[PDB]
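Undergrad: Mind having a look at this structure? Questions to follow.
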Amino acid sequence: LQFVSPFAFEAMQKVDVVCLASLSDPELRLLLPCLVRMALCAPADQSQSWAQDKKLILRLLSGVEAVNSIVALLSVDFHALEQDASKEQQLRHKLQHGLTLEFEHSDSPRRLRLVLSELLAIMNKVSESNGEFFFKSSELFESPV
Amino acid sequence: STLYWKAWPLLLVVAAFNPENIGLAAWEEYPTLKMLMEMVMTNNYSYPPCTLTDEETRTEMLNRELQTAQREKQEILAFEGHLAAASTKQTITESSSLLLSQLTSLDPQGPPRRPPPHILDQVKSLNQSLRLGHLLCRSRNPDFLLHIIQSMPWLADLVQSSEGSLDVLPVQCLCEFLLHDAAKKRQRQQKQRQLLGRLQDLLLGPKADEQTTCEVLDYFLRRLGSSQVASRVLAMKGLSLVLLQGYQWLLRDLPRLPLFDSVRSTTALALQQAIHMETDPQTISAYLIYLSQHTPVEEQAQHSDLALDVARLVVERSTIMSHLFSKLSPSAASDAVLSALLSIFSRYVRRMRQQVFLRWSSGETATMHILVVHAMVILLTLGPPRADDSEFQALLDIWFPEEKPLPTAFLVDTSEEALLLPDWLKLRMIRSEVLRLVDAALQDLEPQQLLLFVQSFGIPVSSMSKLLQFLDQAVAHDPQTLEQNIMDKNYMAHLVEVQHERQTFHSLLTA
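First to last, the protein sequences are chains B and A. Heads up: the first sequence runs through residues 15 to 108, 122 to 172, numbered per PDB author numbering. Heads up: the second sequence runs through residues 731 to 880, 887 to 918, 938 to 998, 1023 to 1133, 1149 to 1296, 1302 to 1310, numbered per PDB author numbering.
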């Protein structure tokens, strides 16, 4: 495994676009989601300096295949997923393939639904644990690949 | 209800002590009791039984139980209403039904019923006190443990509680206990060593007969298809123990089996099945190597099935393919895997030329699968191997002959020409560094497809240059439709400017 470099983290904190260029490829691979969200989402601040920073981000963006996958992830509507999650959570309060295989074969929205359900189940388990530490197993999160 | 539920434990113990007749009768005629002793052997008192891992059967069983309970409720209400009309002349309702909580349907051989929690508690107490699971382990006939075998989690405790069941004549049970094994610890180690020697005799030794060898190998083969990674790890570990340095047992030792040819077809079939669900890149590579070196090419059906399975691996498991062929670490093992895949697909193409109907510009005709076609395309995009390029060039010329039209495709059912190159595959070809593939993808691209492809990242520099040229040509041809398709002129103009340092269309966007 490889953790995020401290230099990478401080560069992200300082939004130092030039240092983002200095960052090596694996660090960028780890940091992709925030970077692509930054480059694609409508800019909250509309300053010309920030626009140029966005140009630099675009300059750096190339060289990643997962960019397209993340774009597809973002494409999925979120209001429907949110309401479905709320209903499922209320119900909780009141697949032949392994989870990893389902995550793989299924499309982006299915991946979202699966992971969201798993995390919310874990959250409910922690809430009801009454401070007792436990362990939960998920082949999805235990799959190195 | 109380008597009906309290009757089950007595019959369960009676069967456990007389399994030859009473136990078999309960196992066959009464599903409710049939699952009850399963509960004790598995030591898992979970309804539906943990033995049945099939989700749809579990849901079917749940729905059947729910329907039976609702029908029983309705019938009890009707009968109690009859009784009330006869005696008290009172209307019987859900909240006014006394027999509802006292009576139950007397259908022991019918649909299975939910054991009460207290019933399950006393079953588990009885099993713990009387080591009932170990009783049937001692009972050789009828040993329903092997019937269930025909699962490791509930096997663990059962085997550990049944020390005298370490051998159990059946070779399937021998292998099961070997996988389970995979002062007291020293004795277990010695017994496992003796069992390993026995199985080594049964496979490589002079006593190794086809029946026992096939049983031993097929047990591991079938359990390698378990979705749980632990079962597959145990199976491969046991196979190696009996027999890519870590896979040399499969690569080098397995071919040395005296009945290796006798079991080769079954092994190849099992590996083909397991590839569709395997996760480890190295294990997948070992599977591919063994299949390339040992898959029977004689059967047309076998060859087609292997090609289709490898195509499924290439397409559906592009993530694992990327892990294998990470450009950061081009390894000798990865190159060998690529060479094996290329050789396999070249042999398949040779057989085909010697589902969609494909006709070559040379006149050759054959009906292959578009997924397999895309598989060869992906392997071509991977680039030539470092060791051998003959197969790579042969396939490249076969599918994309130079200065020649590509092989025509048609639908088998309708004979209608189909898009041999989907947009995503064309994009992957664009990202690839092969000039011939890049040109083939570039040919016949719509303006919208060009825009979408430009939107992608990681594409080679010369490829962006060619895309810019193509977009300029499209602007020259029909700028109006392209501008209509354009959504954010500034967005695409900025992207084009980025590509520039990574023209006419840029001017059009600025306009």
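Positions of the beta carbon are idealized from the N, C-alpha and C atoms, including for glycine.
1) Can you look up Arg1153(A) in the DSSP assignment and give me helix, strand or coil?
2) How would you list, in chain order, the residues of chain A whose beta-carbon sits under 7 Å from the beta-carbon of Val81(B)?
3) For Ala1203(A), which residues does DSSP report across the bridge?
4) Quick check: the Cα distance between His132(B) and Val85(B), rounded to an integer number of angstroms?
5) Would you verify that the beta carbon of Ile1099(A) is, or is not, closer than 8 Å to some beta carbon of chain B?
6) Per DSSP, what kind of secondary structure is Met1162(A) in: helix, strand or coil?
7) Start and end of the alpha helix (DSSP H) containing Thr967(A)?
8) Assign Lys736(A) to one of three DSSP states: helix, strand, or coil.
9) In chain A, which residues lie less than 7 Å from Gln123(B) when you measure between Cβ atoms?
10) Quick check: the Cα distance between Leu147(B) and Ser76(B), rounded to an integer number of angstroms?
11) Under a three-way DSSP split, which group does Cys780(A) fall into?
12) Do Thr1175(A) and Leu1231(A) come within 8 Å of each other at the CB atom, strictly closer than that value?
13) How close, in whole Å, do the beta carbons of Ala1049(A) and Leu979(A) come, if the pair is a contact with beta carbons under 8 Å?
14) Using a Cβ cut-off of 7 Å, pull out every chain A residue sitting near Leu75(B), in sequence order please.
15) Where does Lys1198(A) fall in DSSP's three states?
16) Is the segment 1159-1174 of chain A in contact with the segment 1103-1115 of chain A, if contact means three or more CB pairs nearer than 8 Å?
17) Quick one: is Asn773(A) buried, meaning 16 or more other Cβ sit within 10 Å of its Cβ, or exposed?
18) Could you round the C-beta distance between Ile1063(A) and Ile1099(A) to whole angstroms and report it? I think they count as a contact, below 8 Å.
19) Using a Cβ cut-off of 8 Å, pull out every chain B residue sitting near residue 1311(A), in sequence order please.
20) Where does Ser83(B) fall in DSSP's three states?
21) Which residues in chain A have a C-beta closer than 9 Å to the C-beta of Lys69(B)? List them in chain order.
22) Return no unless some Cβ of chain B is closer than 8 Å to the Cβ of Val1076(A).
23) For the putative contact between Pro847(A) and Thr762(A), defined by C-beta atoms under 8 Å, what is the C-beta separation to the nearest angstrom?
24) Could you tell me the alpha carbon to alpha carbon distance between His1271(A) and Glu1240(A), rounded to whole angstroms?
25) Along chain B, in chain order, which residues have C-beta atoms closer than 7 Å to that of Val997(A)?
26) According to a CB-to-CB cut-off of less than 7 Å, which residues of the segment 96-108 of chain B neighbour chain A?
27) Would you call the segment 986-996 of chain A and the segment 59-76 of chain B in contact, with 3 or more CB pairs under 8 Å?
28) Does the CB of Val984(A) have a neighbour CB from chain B at under 8 Å?
29) Suppose contacts are defined by Cβ-Cβ distances below 8 Å. Is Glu786(A) in contact with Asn871(A) by that definition?
30) DSSP state of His1055(A), grouped into three classes?
31) If the cut-off is 8 Å on Cβ atoms, which residues from the segment 788-809 of chain A count as contacting chain B, listed in chain order?
32) Can you name, in chain order, every residue of its own chain whose Cβ lies under 8 Å from the Cβ of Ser170(B), other than the five neighbours on each side?
33) Can you find at least 3 beta carbon pairs, one from the segment 893-909 of chain A and one from the segment 859-875 of chain A, that sit closer than 8 Å?
34) Starting from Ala808(A), trace the alpha helix (DSSP H) both ways and give me its first and last residue.
35) To the nearest angstrom, how far is the alpha carbon of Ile149(B) from that of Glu899(A)?
36) Which residues, in order along the segment 1056-1070 of chain A, keep a beta-carbon less than 9 Å from a beta-carbon of chain B?
TA: From the atom records:
1) Walking along the second sequence from the start, residue 1153(A) turns up at place 359. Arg1153(A) falls in the strand class under three-state DSSP.
2) Residue numbering aside, residue 81(B) sits at position 67 when the first sequence is read from its first letter. Chain A residues near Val81(B): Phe1251.
3) Residue numbering aside, residue 1203(A) sits at position 409 when the second sequence is read from its first letter. Beta-bridge partners of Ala1203(A) (DSSP): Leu1152(A).
4) For the purposes of this step, residue 132(B) is taken as residue 105 along the first sequence, with counting starting at 1. For the purposes of this step, residue 85(B) is taken as residue 71 along the first sequence, with counting starting at 1. The straight-line gap from Cα to Cα measures roughly 18 Å.
5) Here residue 1099(A) corresponds to residue number 320 of the second sequence, with the count starting at 1. Chain B, which has a Cβ nearer than 8 Å to the Cβ of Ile1099(A), makes this yes.
6) Position 368 of the second sequence, counted from the start, is the residue given in the question as residue 1162(A). If DSSP states are grouped into helix, strand and coil, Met1162(A) belongs with the strands.
7) Here residue 967(A) refers to the residue found at position 212 of the second sequence. Per DSSP, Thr967(A) is one residue of the alpha helix (DSSP H) stretching across 965-979.
8) Sequence index remark: in the second sequence, residue 736(A) carries index 6 (1-based). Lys736(A): helix per DSSP, three-state reduction.
9) Numbered from its first residue, the first sequence carries residue 123(B) at position 96. Those within 7 Å of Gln123(B) in chain A are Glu785.
10) Reading the first sequence from its first residue, position 120 is the one you call residue 147(B). Reading the first sequence from its first residue, position 62 is the one you call residue 76(B). If you take the alpha carbons of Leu147(B) and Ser76(B), they lie about 34 Å apart.
11) Counting from 1 along the second sequence, the entry for residue 780(A) is found at position 50. Correct three-state label for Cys780(A): coil.
12) Indexing the second sequence from 1 puts residue 1231(A) at position 437. Indexing the second sequence from 1 puts residue 1175(A) at position 381. Yes.
13) Locating residue 1049(A) in the second sequence gives position 270, counting from the first residue. Locating residue 979(A) in the second sequence gives position 224, counting from the first residue. A Cβ-Cβ distance of about 7 Å is found for the pair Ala1049(A) and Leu979(A), placing them in contact under the 8 Å criterion.
14) Numbered from 1 along the first sequence, position 61 holds the residue referred to as residue 75(B). Result: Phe1251.
15) To locate residue 1198(A), count along the second sequence from 1; it is residue 404. In the three-state scheme derived from DSSP, where H, G and I count as helix and E and B as strand, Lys1198(A) is classed as coil.
16) No: fewer than three Cβ pairs fall under 8 Å.
17) Position 43 of the second sequence holds residue 773(A). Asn773(A) counts as buried, since at least 16 other C-beta atoms from the protein chains shown sit within 10 angstroms of its C-beta.
18) Taking the second sequence and counting its residues from 1, one reaches residue 1063(A) at position 284. Taking the second sequence and counting its residues from 1, one reaches residue 1099(A) at position 320. Between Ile1099(A) and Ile1063(A) the Cβ distance is about 6 Å, and since that is below 8 Å, they are a contact.
19) Any question about residue 1311(A) goes unanswered here, given that chain A covers just 731 to 1310.
20) Residue 83(B) sits at position 69 when you count from the first residue of the first sequence. Shown here, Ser83(B) sits in a helix according to DSSP, grouped into three states.
21) Within the first sequence, the letter at position 55 stands for residue 69(B). Those are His1288, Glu1291, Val1292, listed as they occur along chain A.
22) Here residue 1076(A) refers to the residue found at position 297 of the second sequence. Output row for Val1076(A): interface = no.
23) Numbered from its first residue, the second sequence carries residue 847(A) at position 117. Numbered from its first residue, the second sequence carries residue 762(A) at position 32. With a Cβ gap of about 16 Å, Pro847(A) and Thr762(A) do not count as contacting.
24) Your numbering for residue 1271(A) matches position 477 in the second sequence. Your numbering for residue 1240(A) matches position 446 in the second sequence. Rounded to the nearest angstrom, the gap between the Cα atoms of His1271(A) and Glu1240(A) is 12 Å.
25) Counted from its first residue, the second sequence places residue 997(A) at position 242. Those do not exist, as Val997(A) stays about 26 Å from chain B at its closest Cβ, beyond 7 Å.
26) So nothing in the stretch comes that close.
27) Segments in contact, no.
28) Counting from one through the second sequence, the residue named residue 984(A) turns up at place 229. Yes, its Cβ sits closer than 8 Å to a Cβ of chain B.
29) Walking along the second sequence from the start, residue 786(A) turns up at place 56. Walking along the second sequence from the start, residue 871(A) turns up at place 141. Cβ atoms of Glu786(A) and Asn871(A): not closer than 8 Å.
30) By 1-based counting over the second sequence, the position of residue 1055(A) is 276. In the structure shown, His1055(A) falls within a coil segment according to DSSP collapsed to helix, strand and coil.
31) Answer in chain order: no residues at all.
32) Indexing the first sequence from 1 puts residue 170(B) at position 143. Sequence-distant Cβ neighbours of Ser170(B) in its own chain, meaning closer than 8 Å and more than five residues away, are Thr127.
33) Contact between the segment 893-909 of chain A and the segment 859-875 of chain A is present, because at least three Cβ pairs lie under 8 Å.
34) Working through the second sequence from its first residue, we reach residue 808(A) at position 78. Here the alpha helix (DSSP H) through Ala808(A) covers 785-816.
35) As a first step, residue 149(B) is located in the first sequence; it is residue number 122 there, counting from the start. As a first step, residue 899(A) is located in the second sequence; it is residue number 163 there, counting from the start. Cα-Cα distance, rounded: 38 Å.
36) Taken in chain order, the members of the segment 1056-1070 of chain A whose beta-carbon sits within less than 9 Å of a beta-carbon on chain B are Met1056, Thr1058, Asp1059, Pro1060.
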